[PDB]
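Only one chain is shown below, in structure tokens, and it's the form deposited in one PDB entry.
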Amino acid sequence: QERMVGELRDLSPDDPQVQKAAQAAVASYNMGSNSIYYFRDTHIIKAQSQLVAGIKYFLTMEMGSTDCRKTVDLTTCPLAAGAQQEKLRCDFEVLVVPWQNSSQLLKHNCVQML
């Protein structure tokens, strides 16, 4: 066949390739979001991969708003507390291809947590 569609498989949330895919998702989400502040990953809850012509990562993760405003090393950005605190739970689909340096966030659906 012409198409390459591999098996969908569970990965460890601590797989270094999941982690890189996760930082790709965060960076892209922050670029596209209307929020004043950068969000930052707090927990990878679930991770799956699928071999295509390239690799898809399907990530479920939680994010927290930071004190860092956009107007980047997120490890230096504290999670906001009290009035500015906001938590999201997101599904991300990330595309990784060996000929591109930047991994792409194909889809995302985020949801504000109480």
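Counting begins at 1, following the sequence as shown.
One more form of this protein should be noted, the form deposited in another entry, which is absent from this view; the next part is about it.
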With each C-alpha placed in whichever of the two rigid parts fits it better between the shown form and the other one, do residue 99 and residue 51 end up together? no
Work out the direction of the Cα-Cα change for residue 100 and residue 52 in that other deposited form: closer or farther than in this form? It's 3 angstroms or more. closer
Residue pair residue 56, residue 42 - Cα distance in that other deposited form, closer or farther (3 Å or more): farther
